[PDB]
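Everything below concerns the one structure shown next.
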Amino acid sequence: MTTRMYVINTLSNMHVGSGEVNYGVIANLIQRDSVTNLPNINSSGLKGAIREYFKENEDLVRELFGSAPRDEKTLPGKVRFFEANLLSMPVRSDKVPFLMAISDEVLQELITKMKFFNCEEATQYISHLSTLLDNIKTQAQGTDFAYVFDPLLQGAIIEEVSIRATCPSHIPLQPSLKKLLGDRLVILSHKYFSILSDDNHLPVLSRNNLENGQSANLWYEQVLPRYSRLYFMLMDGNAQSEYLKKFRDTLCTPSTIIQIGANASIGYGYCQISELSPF
Amino acid sequence: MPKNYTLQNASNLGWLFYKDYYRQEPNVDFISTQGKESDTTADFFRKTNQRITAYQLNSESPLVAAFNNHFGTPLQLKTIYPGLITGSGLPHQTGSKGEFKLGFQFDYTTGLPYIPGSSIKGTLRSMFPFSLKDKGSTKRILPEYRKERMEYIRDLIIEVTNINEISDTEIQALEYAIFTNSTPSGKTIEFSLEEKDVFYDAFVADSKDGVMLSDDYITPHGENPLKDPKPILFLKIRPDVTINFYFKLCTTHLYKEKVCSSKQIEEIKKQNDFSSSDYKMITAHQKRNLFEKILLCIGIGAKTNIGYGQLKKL
Amino acid sequence: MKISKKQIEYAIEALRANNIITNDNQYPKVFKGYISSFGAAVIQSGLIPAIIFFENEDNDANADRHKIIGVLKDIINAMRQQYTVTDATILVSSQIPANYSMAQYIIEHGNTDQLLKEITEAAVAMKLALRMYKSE
Amino acid sequence: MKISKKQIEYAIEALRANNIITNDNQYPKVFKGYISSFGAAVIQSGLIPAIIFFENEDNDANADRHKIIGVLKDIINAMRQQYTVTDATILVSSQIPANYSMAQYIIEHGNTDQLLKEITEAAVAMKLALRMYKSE
RNA sequence: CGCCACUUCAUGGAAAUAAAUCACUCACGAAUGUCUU
């Protein structure tokens with residue numbers, strides 16, 4: 001009841017700038033986790049974007065998010081927003097346009113987070129994800145692996161000639177886990193996923209500034225690829241029930257699209273937020 | 001596999017063009033000078049280019065359908081033949097024979113050719129008077145730039161909407177509201193969530209009967225006509241290909257040459273001294289028509305001066 | 001990625017040793033674009049295509065582009081000279097032969113992340129080192 | 001920390017001496033952003049890359065960005081002038097030569113913990129002293 | 001009318017630029033001002 005896990009499905013190339021200076025090729029990098037070095041959204045940015053979406057409902061924002069800055073009455077927000085961590089990232093291939101890529105360490109982190117935070121429907125997900133991770137570890141036996149669960153994706157090149165996909169027939173993929181993580185799922189080793197998600201491999205978009213049709217500036221912007229999945233934790237801090245119901249209804253409505261990150265005017269950070277479906 | 005891109009049987013076009021293009025194969029050499037000019041290297045690159053230029057796109061594509069669901073009703077325009085080029089400045093070159101020398105703009109996830117929303121926004125803004133920044137270098141051409149573009153914007157607005165007369169300050173306010181979402185200055189207008197202009201990515205929608213990517217040549221002849229030319233091979237979007245432009249546009253309210261919010265304009269209307277002569281309104285449909293006219297006028301992409309990237313109504 | 005001061009020192013000596021920096025602490029203005037374009041090519045097309053393009057000696061370019069690949073090789077050699085014993089067990093500490101083609105060295109050693117990371121760090125170091133001197 | 005009045009005085013004198021503030025107590029607007037961004041660049045990147053970026057002349061910028069590096073060098077020189085010369089002290093009091101770029105000095109004068117501390121303090125003093133003046 | 005091919009396969013420019021650099025609130029509140037031998 002208190003804690004729910006929400007999945008973020010991005011519909012365009014999303015950029016949450018870290019704001020730091022990079023003197024290499026990429027001038028603008030994206031936010032990364034302080035521990036795992038994976039792309040993420042700061043909880044402040046998530047809360048700001050969601051508050052911007054709900055700004056019209058003044059009572060709901062005041063009860064859930066808190067008081068507006070520099071208001072005379074500073075009242076704390078009741079709902080607690082946790083940072084969104086990368087769940088699945090699309091990887092380019094030769095057999096299919098893109099595949100859903102997740103590492104064993106990402107799965108273990110998700111299992112640990114569900115154990116610690118005690119999500120609403122966490123028990124079945126933890127059980128099945130632990131079973132899947134144990135099967136993957138048994139099959140790998142300490143080596144690098146790229147495991148697909150579709151027999152047609154055998155021998156697929158996951159963005160790099162070194163990484164080739166093998167299909168272990170013994171390991172089953174439950175349909176709810178497929179829905180959570182994504183179709184055409186590949187389980188990568190930590191080394192492979194770190195290589196595929198580092199600064200030399202993440203997609204970059206080139207932009208230039210034109211003055212009377214002549215280029216004045218030029219820079220590269222790192223982006224999180226479209227259709228990437230991130231999970232964040234929402235804690236119900238004794239907030240009012242009806243406002244909470246309205247919040248979850250609007251948030252999980254299929255017609256709802258939320259903008260998170262930078263470059264809103266050029267259609268960058270548009271996402272769909274989904275709740276953890278019961279298993 | 002070879003045609004009809006889809007999501008189940010395809011190779012990521014950006015992947016093929018950038019990462020898999022220069023894969024190291026047995027008996028294929030392009031490190032040495034002899035290898036780069038050899039016929040084996042030319043055959044290798046010819047096969048790679050043929051793989052690139054064999055994919056079609058159906059109108060009922062689940063990718064394009066998902067794009068339509070996410071970003072709304074598209075603006076469908078059709079490519080004419082010089083071709084269409086996007087991302088020409090992306091580095092893709094080694095010095096070999098039969099390879100694509102210029103870059104191409106591919107979506108990372110889907111792999112489809114696309115035009116980033118930044119490109120569309122900049123192209124549309126370039127035909128507005130206040131696109132050029134007031135700077136020391138630009139101050140020589142600054143007056144003529146705005147003078148020429150303001151007339152064009154005026155006729156286009158009078159064409160697309162019912163407004164009989166528009167002022168220079170009104171045009172400035174409209175431009176800064178559409179592109180900057182602010183006032184001409186640095187002031188912010190209290191806008192609602194829906195009162196924002198968003199320029200999504202233009203995607204290739206449907207190649208009716210044929211592939212969507214073709215190969216083209218630009219062959220510069222140097223300043224010496226007695227020297228040999230220089231064949232440059234690049235990848236272009238084929239003519240007769242449907243491009244889907246996605247926008248999120250709102251209604252702009254102008255009262256006394258200033259941009260007003262929707263609730264602001266409601267309050268202004270409710271007042272006693274409401275002059276209907278000073279009230280102007282451009283709707284989202286009229287904004288779309290304005291953008292369509294701009295696109296049909298100048299086009300989008302690279303080498304637009306020499307014809308590339310011109311569009312016709314579907 | 002943080003560029004160390006020793007990497008910038010290596011870049012300075014490599015740019016002097018090949019002949020990017022003249023005796024009066026000046027360099028031709030086109031090498032700036034050369035190094036920036038090499039970084040962009042590495043990030044976009046890949047390590048091997050960029051190395052092959054900028055390694056070519058039969059160019060129509062204004063200046064000697066292959067000298068930037070030479071500077072790359074010298075910087076990588078200097079970096080590998082200071083690899084620790086425990087680093088040599090994980091990382092390849094062998095010196096790249098002077099006359100060896102860099103592209104074929106990378107190909108024969110694979111496409112390992114070590115070489116790509118070293119190339120990117122050395123390219124950033126070269127850019128920073130050129131930023132310290134005057135463009136003719 | 002707390003604001004050091006002597007460092008603020010040094011910053012005032014260096015800003016006047018490096019032709020940042022005109023005869024009227026006024027400065028070009030972009031220098032505020034320059035001073036503010038210098039500290040963030042120093043923290044996020046290395047000290048050497050930040051000093052290279054800001055000391056770089058012939059750049060494409062709205063004003064003379066290397067003037068802030070000149071101001072920093074003048075402030076560091078004043079601090080080293082005021083340093084107490086006693087045994088069992090850590091700070092080295094030798095001044096930075098006027099013919100020396102700051103990048104070169106930091107390059108060949110490593111173990112730069114003292115230099116890092118001085119540069120951060122001088123940046124803070126510059127930021128706080130620039131507020132006495134008006135931006136055009 | 002017959003017979004017959006060679007040549008050329010990227011250079012130059014832009015490689016980040018400005019705005020915001022913490023803001024508001026709380027800055028001590030209550031008890032004890034002598035007590036027991």
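Each chain in the structure tokens gets a letter, A, B, ..., in the order shown, and its residues are numbered from 1; ligands are numbered from 1 in order too.
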When you look at segment 5-13 of chain C with a cut-off of 12 Å (counting only C-alpha atoms (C1' of nucleotides)), what residues show up, excluding the ones that are within fewer than 3 positions of it in the same chain? I need them as a ChimeraX atom specification.
/C:2,16-22,25,27,68-82,118-133 /D:45-52,103-112
Compute the set of chain B residues within 12 Å of chain E, using only C-alpha atoms (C1' of nucleotides), and express it as a ChimeraX atom specification.
/B:36-38,42,89,91-102,133-135,185-187,217-222,226-234
At what distance in Å, to one decimal, does atom CA of residue 25 of chain A lie from atom CA of residue 42 of chain D?
18.5 Å
What residues in chain A lie within 7 Å of chain B, counting only C-alpha atoms, written as a ChimeraX atom specification?
/A:53,90,92-98,203,211-212,225-226,264-267
List every residue of segment 24-59 of chain A that DSSP, applied to the backbone of this structure, places in helix (DSSP H, G or I), and write the result as number ranges by chain.
A: 43-53, 58-59
Once you count only C-alpha atoms (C1' of nucleotides), which residues of chain C turn out to be within 10 Å of chain E? Could you give them as a ChimeraX atom specification?
/C:30,32-33,35-37,39-40,59-62
Can I get the selection written as a PDB file, in the first residue's frame, with N, CA and C atoms?
```pdb
ATOM      1  N   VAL C  30      45.116  23.441 -38.693  1.00  0.00           N
ATOM      2  CA  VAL C  30      44.208  22.401 -39.161  1.00  0.00           C
ATOM      3  C   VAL C  30      44.262  21.146 -38.288  1.00  0.00           C
ATOM      4  N   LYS C  32      43.910  21.018 -35.116  1.00  0.00           N
ATOM      5  CA  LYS C  32      42.793  21.123 -34.183  1.00  0.00           C
ATOM      6  C   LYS C  32      41.562  20.411 -34.733  1.00  0.00           C
ATOM      7  N   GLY C  33      41.185  20.747 -35.967  1.00  0.00           N
ATOM      8  CA  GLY C  33      40.074  20.070 -36.608  1.00  0.00           C
ATOM      9  C   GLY C  33      40.354  18.602 -36.848  1.00  0.00           C
ATOM     10  N   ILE C  35      42.091  16.541 -34.904  1.00  0.00           N
ATOM     11  CA  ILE C  35      41.895  15.790 -33.667  1.00  0.00           C
ATOM     12  C   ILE C  35      40.422  15.766 -33.272  1.00  0.00           C
ATOM     13  N   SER C  36      39.721  16.894 -33.436  1.00  0.00           N
ATOM     14  CA  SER C  36      38.292  16.906 -33.129  1.00  0.00           C
ATOM     15  C   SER C  36      37.528  15.930 -34.021  1.00  0.00           C
ATOM     16  N   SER C  37      37.853  15.908 -35.315  1.00  0.00           N
ATOM     17  CA  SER C  37      37.199  14.994 -36.240  1.00  0.00           C
ATOM     18  C   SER C  37      37.549  13.549 -35.926  1.00  0.00           C
ATOM     19  N   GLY C  39      38.149  12.338 -32.896  1.00  0.00           N
ATOM     20  CA  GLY C  39      37.297  11.989 -31.770  1.00  0.00           C
ATOM     21  C   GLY C  39      35.865  11.713 -32.193  1.00  0.00           C
ATOM     22  N   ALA C  40      35.317  12.572 -33.056  1.00  0.00           N
ATOM     23  CA  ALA C  40      33.954  12.363 -33.538  1.00  0.00           C
ATOM     24  C   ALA C  40      33.833  11.062 -34.325  1.00  0.00           C
ATOM     25  N   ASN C  59      46.766  11.141 -48.847  1.00  0.00           N
ATOM     26  CA  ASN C  59      45.632  12.027 -48.636  1.00  0.00           C
ATOM     27  C   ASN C  59      45.652  13.178 -49.635  1.00  0.00           C
ATOM     28  N   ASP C  60      44.528  13.892 -49.686  1.00  0.00           N
ATOM     29  CA  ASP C  60      44.447  15.199 -50.323  1.00  0.00           C
ATOM     30  C   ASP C  60      44.379  16.314 -49.288  1.00  0.00           C
ATOM     31  N   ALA C  61      44.684  15.996 -48.032  1.00  0.00           N
ATOM     32  CA  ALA C  61      44.594  16.956 -46.947  1.00  0.00           C
ATOM     33  C   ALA C  61      45.719  17.982 -47.031  1.00  0.00           C
ATOM     34  N   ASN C  62      45.492  19.127 -46.385  1.00  0.00           N
ATOM     35  CA  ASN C  62      46.477  20.202 -46.410  1.00  0.00           C
ATOM     36  C   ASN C  62      47.774  19.787 -45.723  1.00  0.00           C
TER      37      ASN C  62
END
```
If we count only C-alpha atoms (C1' of nucleotides), what is near residue 83 of chain D at a cut-off of 10 Å, once residues fewer than 5 positions away on the same chain are taken out, given as an mmCIF file with N, CA, C and O atoms, in the first residue's frame?
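In the end it all went to result08.cif:
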```cif
data_model
loop_
_atom_site.group_PDB
_atom_site.id
_atom_site.type_symbol
_atom_site.label_atom_id
_atom_site.label_comp_id
_atom_site.auth_asym_id
_atom_site.auth_seq_id
_atom_site.Cartn_x
_atom_site.Cartn_y
_atom_site.Cartn_z
ATOM 1 N N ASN D 77 49.954 34.761 -6.763
ATOM 2 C CA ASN D 77 51.231 35.423 -6.517
ATOM 3 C C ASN D 77 51.171 36.296 -5.270
ATOM 4 O O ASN D 77 52.111 36.310 -4.470
ATOM 5 N N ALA D 78 50.073 37.032 -5.087
ATOM 6 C CA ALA D 78 49.929 37.850 -3.884
ATOM 7 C C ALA D 78 49.874 36.984 -2.629
ATOM 8 O O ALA D 78 50.480 37.319 -1.599
ATOM 9 N N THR D 89 56.974 24.372 7.402
ATOM 10 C CA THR D 89 55.771 24.799 6.706
ATOM 11 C C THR D 89 55.676 24.074 5.368
ATOM 12 O O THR D 89 56.680 23.622 4.812
ATOM 13 N N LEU D 91 53.719 25.271 2.517
ATOM 14 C CA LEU D 91 53.516 26.113 1.347
ATOM 15 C C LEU D 91 54.842 26.567 0.747
ATOM 16 O O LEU D 91 55.770 26.951 1.463
ATOM 17 N N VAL D 92 54.922 26.522 -0.580
ATOM 18 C CA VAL D 92 56.068 27.049 -1.312
ATOM 19 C C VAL D 92 55.726 28.454 -1.793
ATOM 20 O O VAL D 92 54.674 28.676 -2.405
ATOM 21 N N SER D 93 56.602 29.410 -1.494
ATOM 22 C CA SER D 93 56.307 30.823 -1.683
ATOM 23 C C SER D 93 56.842 31.395 -2.989
ATOM 24 O O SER D 93 56.706 32.602 -3.215
ATOM 25 N N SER D 94 57.448 30.578 -3.847
ATOM 26 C CA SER D 94 57.995 31.094 -5.095
ATOM 27 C C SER D 94 56.869 31.562 -6.009
ATOM 28 O O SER D 94 55.869 30.861 -6.192
#
```
Compute the chain A side of the contact with chain E at 6 Å, counting only C-alpha atoms (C1' of nucleotides), and hand it back as a list in words.
residues 70, 215, 216, 217, 218 and 219 of chain A
Keeping only N, CA and C atoms, write those residues as a compact mmCIF listing (two decimals), in the first residue's frame.
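File written: result05.txt
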```txt
# COMPACT_ATOMS: atom_id res chain seq x y z
N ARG A 70 8.89 29.41 -2.14
CA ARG A 70 8.72 30.77 -1.63
C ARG A 70 7.27 31.11 -1.31
N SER A 215 27.11 27.53 -40.02
CA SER A 215 27.28 26.89 -38.72
C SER A 215 28.14 27.75 -37.80
N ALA A 216 27.61 28.04 -36.62
CA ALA A 216 28.30 28.83 -35.60
C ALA A 216 28.83 27.96 -34.46
N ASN A 217 28.01 27.06 -33.95
CA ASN A 217 28.40 26.15 -32.88
C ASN A 217 28.18 24.71 -33.33
N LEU A 218 28.78 23.79 -32.58
CA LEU A 218 28.67 22.36 -32.87
C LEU A 218 28.96 21.58 -31.61
N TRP A 219 28.08 20.63 -31.27
CA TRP A 219 28.28 19.83 -30.08
C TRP A 219 27.51 18.52 -30.21
```
